[PDB]
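File shown here: protein-v9.pdb, holding PDB, C-alpha atoms and all ligand atoms.
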ATOM      1  CA  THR Y   1      68.785  45.438  90.306
ATOM      2  CA  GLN Y   2      69.994  47.072  93.549
ATOM      3  CA  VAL Y   3      68.330  50.254  94.819
ATOM      4  CA  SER Y   4      70.919  52.927  95.342
ATOM      5  CA  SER Y   5      71.033  56.595  96.281
ATOM      6  CA  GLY Y   6      71.450  58.853  93.254
ATOM      7  CA  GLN Y   7      69.705  56.450  90.902
ATOM      8  CA  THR Y   8      66.274  56.831  89.322
ATOM      9  CA  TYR Y   9      63.562  54.224  89.299
ATOM     10  CA  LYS Y  10      60.014  53.444  88.370
ATOM     11  CA  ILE Y  11      57.833  52.039  91.139
ATOM     12  CA  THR Y  12      55.304  49.420  90.093
ATOM     13  CA  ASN Y  13      52.343  48.191  92.142
ATOM     14  CA  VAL Y  14      52.579  44.395  92.550
ATOM     15  CA  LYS Y  15      48.782  43.978  92.524
ATOM     16  CA  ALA Y  16      47.866  46.392  89.745
ATOM     17  CA  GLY Y  17      50.878  46.689  87.514
ATOM     18  CA  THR Y  18      50.471  50.438  87.231
ATOM     19  CA  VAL Y  19      53.235  52.773  88.436
ATOM     20  CA  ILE Y  20      53.527  55.698  90.796
ATOM     21  CA  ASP Y  21      52.852  58.714  88.582
ATOM     22  CA  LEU Y  22      52.903  62.423  89.204
ATOM     23  CA  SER Y  23      49.654  63.413  87.581
ATOM     24  CA  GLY Y  24      49.939  65.406  84.396
ATOM     25  CA  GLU Y  25      46.519  66.915  85.197
ATOM     26  CA  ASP Y  26      47.801  68.994  88.110
ATOM     27  CA  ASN Y  27      51.513  68.150  88.605
ATOM     28  CA  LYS Y  28      50.638  67.439  92.224
ATOM     29  CA  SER Y  29      48.419  64.397  92.726
ATOM     30  CA  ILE Y  30      50.110  60.997  93.000
ATOM     31  CA  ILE Y  31      48.264  58.294  91.066
ATOM     32  CA  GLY Y  32      48.619  54.851  89.647
ATOM     33  CA  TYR Y  33      49.009  54.927  85.885
ATOM     34  CA  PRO Y  34      50.213  52.640  83.113
ATOM     35  CA  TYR Y  35      53.911  53.043  82.482
ATOM     36  CA  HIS Y  36      54.874  54.950  79.330
ATOM     37  CA  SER Y  37      58.416  55.909  80.337
ATOM     38  CA  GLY Y  38      57.259  59.362  81.353
ATOM     39  CA  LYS Y  39      59.658  61.360  83.540
ATOM     40  CA  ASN Y  40      56.667  62.014  85.761
ATOM     41  CA  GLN Y  41      56.757  58.213  86.369
ATOM     42  CA  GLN Y  42      60.446  58.262  87.398
ATOM     43  CA  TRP Y  43      61.765  58.988  90.872
ATOM     44  CA  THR Y  44      65.350  59.847  91.838
ATOM     45  CA  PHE Y  45      66.184  58.235  95.172
ATOM     46  CA  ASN Y  46      68.403  59.909  97.775
ATOM     47  CA  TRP Y  47      69.584  58.415 101.035
ATOM     48  CA  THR Y  48      69.781  61.259 103.482
ATOM     49  CA  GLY Y  49      71.788  59.331 106.037
ATOM     50  CA  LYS Y  50      68.703  58.087 107.815
ATOM     51  CA  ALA Y  51      65.904  57.704 105.212
ATOM     52  CA  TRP Y  52      64.967  58.005 101.535
ATOM     53  CA  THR Y  53      63.668  60.927  99.587
ATOM     54  CA  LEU Y  54      62.101  60.479  96.149
ATOM     55  CA  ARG Y  55      62.492  63.381  93.674
ATOM     56  CA  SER Y  56      60.333  63.617  90.590
ATOM     57  CA  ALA Y  57      62.491  63.432  87.503
ATOM     58  CA  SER Y  58      60.075  65.714  85.621
ATOM     59  CA  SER Y  59      59.171  68.355  88.185
ATOM     60  CA  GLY Y  60      61.840  68.345  90.860
ATOM     61  CA  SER Y  61      59.181  68.101  93.580
ATOM     62  CA  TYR Y  62      59.371  65.281  96.091
ATOM     63  CA  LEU Y  63      57.024  62.399  96.827
ATOM     64  CA  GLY Y  64      55.299  63.480 100.087
ATOM     65  CA  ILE Y  65      51.923  63.521 101.854
ATOM     66  CA  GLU Y  66      48.701  65.485 102.096
ATOM     67  CA  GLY Y  67      48.406  66.200 105.826
ATOM     68  CA  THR Y  68      49.055  64.098 108.857
ATOM     69  CA  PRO Y  69      49.472  60.341 108.414
ATOM     70  CA  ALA Y  70      46.200  58.465 108.549
ATOM     71  CA  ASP Y  71      44.313  55.789 106.675
ATOM     72  CA  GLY Y  72      43.497  57.537 103.407
ATOM     73  CA  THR Y  73      46.101  60.313 103.487
ATOM     74  CA  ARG Y  74      46.796  61.260  99.874
ATOM     75  CA  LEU Y  75      50.261  61.325  98.447
ATOM     76  CA  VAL Y  76      51.201  64.529  96.730
ATOM     77  CA  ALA Y  77      54.186  66.267  95.264
ATOM     78  CA  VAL Y  78      55.803  68.536  97.836
ATOM     79  CA  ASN Y  79      58.485  71.255  97.723
ATOM     80  CA  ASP Y  80      60.813  70.007 100.445
ATOM     81  CA  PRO Y  81      62.381  66.538 100.631
ATOM     82  CA  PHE Y  82      60.097  64.157 102.475
ATOM     83  CA  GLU Y  83      61.739  61.218 104.203
ATOM     84  CA  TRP Y  84      60.487  57.634 103.800
ATOM     85  CA  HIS Y  85      61.498  54.288 105.227
ATOM     86  CA  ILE Y  86      61.752  51.630 102.560
ATOM     87  CA  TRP Y  87      61.837  47.934 103.483
ATOM     88  CA  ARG Y  88      61.651  44.649 101.641
ATOM     89  CA  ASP Y  89      58.241  43.018 101.956
ATOM     90  CA  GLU Y  90      58.312  40.136 104.456
ATOM     91  CA  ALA Y  91      56.493  37.642 102.245
ATOM     92  CA  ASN Y  92      57.906  38.682  98.857
ATOM     93  CA  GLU Y  93      61.535  39.808  99.150
ATOM     94  CA  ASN Y  94      61.676  41.201  95.573
ATOM     95  CA  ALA Y  95      59.081  43.798  96.511
ATOM     96  CA  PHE Y  96      59.073  46.760  98.877
ATOM     97  CA  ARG Y  97      56.929  48.774 101.266
ATOM     98  CA  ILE Y  98      57.327  52.463 101.666
ATOM     99  CA  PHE Y  99      56.474  53.793 105.145
ATOM    100  CA  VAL Y 100      56.171  57.132 106.829
ATOM    101  CA  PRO Y 101      59.125  56.820 109.181
ATOM    102  CA  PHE Y 102      58.338  55.411 112.609
ATOM    103  CA  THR Y 103      54.738  54.679 111.724
ATOM    104  CA  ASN Y 104      52.790  51.672 110.478
ATOM    105  CA  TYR Y 105      51.474  53.676 107.506
ATOM    106  CA  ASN Y 106      52.648  52.557 104.114
ATOM    107  CA  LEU Y 107      51.908  53.451 100.510
ATOM    108  CA  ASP Y 108      48.738  51.795  99.276
ATOM    109  CA  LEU Y 109      47.259  51.955  95.771
ATOM    110  CA  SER Y 110      43.687  52.856  96.625
ATOM    111  CA  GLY Y 111      40.636  50.773  95.904
ATOM    112  CA  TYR Y 112      42.696  47.716  96.834
ATOM    113  CA  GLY Y 113      45.019  48.251  93.893
ATOM    114  CA  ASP Y 114      42.429  49.541  91.482
ATOM    115  CA  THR Y 115      44.051  49.351  88.061
ATOM    116  CA  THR Y 116      42.118  52.344  86.751
ATOM    117  CA  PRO Y 117      44.479  55.040  85.476
ATOM    118  CA  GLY Y 118      44.319  57.945  87.946
ATOM    119  CA  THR Y 119      43.651  55.789  91.026
ATOM    120  CA  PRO Y 120      45.079  57.753  93.965
ATOM    121  CA  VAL Y 121      48.066  56.511  95.921
ATOM    122  CA  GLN Y 122      47.372  56.894  99.637
ATOM    123  CA  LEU Y 123      48.660  55.850 103.041
ATOM    124  CA  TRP Y 124      47.052  52.980 104.889
ATOM    125  CA  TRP Y 125      47.854  50.866 107.897
ATOM    126  CA  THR Y 126      50.184  48.064 106.929
ATOM    127  CA  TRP Y 127      48.800  44.647 106.152
ATOM    128  CA  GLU Y 128      49.356  41.848 103.707
ATOM    129  CA  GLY Y 129      47.320  43.232 100.837
ATOM    130  CA  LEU Y 130      49.496  43.200  97.775
ATOM    131  CA  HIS Y 131      48.364  46.630  96.647
ATOM    132  CA  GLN Y 132      50.667  47.898  99.427
ATOM    133  CA  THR Y 133      53.725  46.258  97.808
ATOM    134  CA  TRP Y 134      55.863  47.647  95.026
ATOM    135  CA  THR Y 135      58.756  46.729  92.760
ATOM    136  CA  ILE Y 136      61.491  49.266  92.226
ATOM    137  CA  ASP Y 137      63.499  49.048  89.068
ATOM    138  CA  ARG Y 138      65.134  50.891  86.277
ATOM    139  CA  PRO Y 139      63.034  53.090  83.990
TER     140      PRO Y 139
HETATM  141  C1  LIG M 201      47.547  68.853  77.918
HETATM  142  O1  LIG M 201      46.738  67.969  78.687
HETATM  143  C2  LIG M 201      47.499  67.017  79.449
HETATM  144  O2  LIG M 201      48.288  66.211  78.588
HETATM  145  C3  LIG M 201      49.163  65.303  79.286
HETATM  146  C4  LIG M 201      49.759  64.394  78.226
HETATM  147  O3  LIG M 201      48.739  63.597  77.658
HETATM  148  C5  LIG M 201      48.434  64.498  80.356
HETATM  149  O4  LIG M 201      49.429  63.912  81.178
HETATM  150  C6  LIG M 201      49.154  62.621  81.660
HETATM  151  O5  LIG M 201      48.316  62.706  82.781
HETATM  152  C7  LIG M 201      48.030  61.447  83.369
HETATM  153  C8  LIG M 201      47.034  61.718  84.488
HETATM  154  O6  LIG M 201      45.832  62.325  84.001
HETATM  155  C9  LIG M 201      49.313  60.772  83.819
HETATM  156  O7  LIG M 201      49.943  61.598  84.780
HETATM  157  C10 LIG M 201      50.217  60.573  82.619
HETATM  158  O8  LIG M 201      51.467  59.959  82.969
HETATM  159  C11 LIG M 201      50.469  61.917  81.980
HETATM  160  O9  LIG M 201      51.199  61.751  80.771
HETATM  161  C12 LIG M 201      47.492  65.351  81.192
HETATM  162  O10 LIG M 201      46.666  64.538  82.009
HETATM  163  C13 LIG M 201      46.615  66.092  80.229
HETATM  164  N1  LIG M 201      45.481  66.712  80.911
HETATM  165  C14 LIG M 201      45.494  67.752  81.604
HETATM  166  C15 LIG M 201      44.208  68.158  82.167
HETATM  167  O11 LIG M 201      46.503  68.387  81.796
END
I'd like the structure from this file rewritten - as structure tokens, please.
Ligand SMILES: CO[C@@H]1O[C@H](CO)[C@@H](O[C@@H]2O[C@H](CO)[C@H](O)[C@H](O)[C@H]2O)[C@H](O)[C@H]1NC(C)=O
Amino acid sequence: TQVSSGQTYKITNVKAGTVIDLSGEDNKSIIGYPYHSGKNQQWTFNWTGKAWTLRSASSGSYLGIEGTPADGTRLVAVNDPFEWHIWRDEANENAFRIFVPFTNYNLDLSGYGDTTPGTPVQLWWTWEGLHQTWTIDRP
């Protein structure tokens, strides 16, 4: 399936198999969680003209970040559209990396893709670890 502006997707960690999930505990924290077709596990993509924004299908908040980009920066739901660069992974072209634009920081399921439900999604410097790679497909 092709990723296209206006469409809504789930985003699955290649290492863990859990998906990017807007925590039901606080409707703010971004975690890895097993997929149950929740709307808090579905993200509406928009191409702005220069980057992607990801809108929570349940809350209407956007996938964004907790502070300035760094190793360990938490992802959180934010009010305003937050722009991402999204590229195919170089080794596995069916998967993707999601970067803060013009940085080397990409989404990373913490604990090296810890499968535990509630594992935070964070930024980390880009490297080959598969917990930084994600499939994007229909809910
Ligand atoms: C009423 O308590 C909340 O119930 C929700 C439904 O079971 C639950 O939502 C899930 O949260 C997890 C993360 O903890 C994940 O986001 C799932 O996709 C959600 O369905 C809340 O966690 C419950 N707890 C609290 C404290 O609200």
### Contacts with ligand LIG 201 (chain M) at most 8 Å, only C-alpha atoms and all ligand atoms counted, listed as a PyMOL selection string
chain Y and resi 21-27+31+33-36+38+40-41+117-118
### Resolved residues for the PyMOL selection byres (((chain Y and resi 53-64) around 10) and not hetatm) as a ChimeraX atom specification
/Y:5-6,8-9,20-22,27-30,38-48,51-52,65-67,74-86,100
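Proximity to residue 136 of chain Y was assessed for Y:98, Y:109, Y:121, Y:91 counting all atoms listed in the file; the smallest distance is recorded for Y:98.
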### Query
Around (44.2, 50.8, 95.4) in the file's frame, which residues reach within 12 Å when counting all atoms listed in the file? Return as an NGL selection string?
:Y and (13-20 or 31-33 or 72 or 74 or 107-124 or 129-133)
List the neighbours of residue 95 of chain Y out to 6 Å using all atoms listed in the file; skip same-chain residues closer than 5 positions along the sequence, and give me the result as an mmCIF file with C-alpha atoms, in the frame of the given file.
data_model
loop_
_atom_site.group_PDB
_atom_site.id
_atom_site.type_symbol
_atom_site.label_atom_id
_atom_site.label_comp_id
_atom_site.auth_asym_id
_atom_site.auth_seq_id
_atom_site.Cartn_x
_atom_site.Cartn_y
_atom_site.Cartn_z
ATOM 1 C CA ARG Y 88 61.651 44.649 101.641
ATOM 2 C CA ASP Y 89 58.241 43.018 101.956
ATOM 3 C CA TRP Y 134 55.863 47.647 95.026
ATOM 4 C CA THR Y 135 58.756 46.729 92.760
#
### Task
Work out how far atom CA of residue 11 of chain Y is from atom CA of residue 104 of chain Y, in Å to one decimal.
20.0 Å
### Task
Could you check how far atom CA of residue 1 of chain Y sits from atom CA of residue 103 of chain Y, in Å to one decimal?
27.2 Å
### Message
One decimal, in Å: what's the spacing between atom CA of residue 101 of chain Y and atom CA of residue 73 of chain Y?
### Response
14.6 Å
Around all the atoms of segment 49-68 of chain Y listed in the file, with 3 Å of room on each side, what axis-aligned box do you get, giving centre and edge lengths in Å to one decimal, as AutoDock Vina command-line options?
--center_x 60.1 --center_y 63.0 --center_z 97.2 --size_x 29.4 --size_y 16.7 --size_z 29.2
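Taking all atoms listed in the file into account, the polymer residues that have an atom no farther than 7 Å from (48.6, 58.3, 112.1) are residues 68, 69 and 70 of chain Y.
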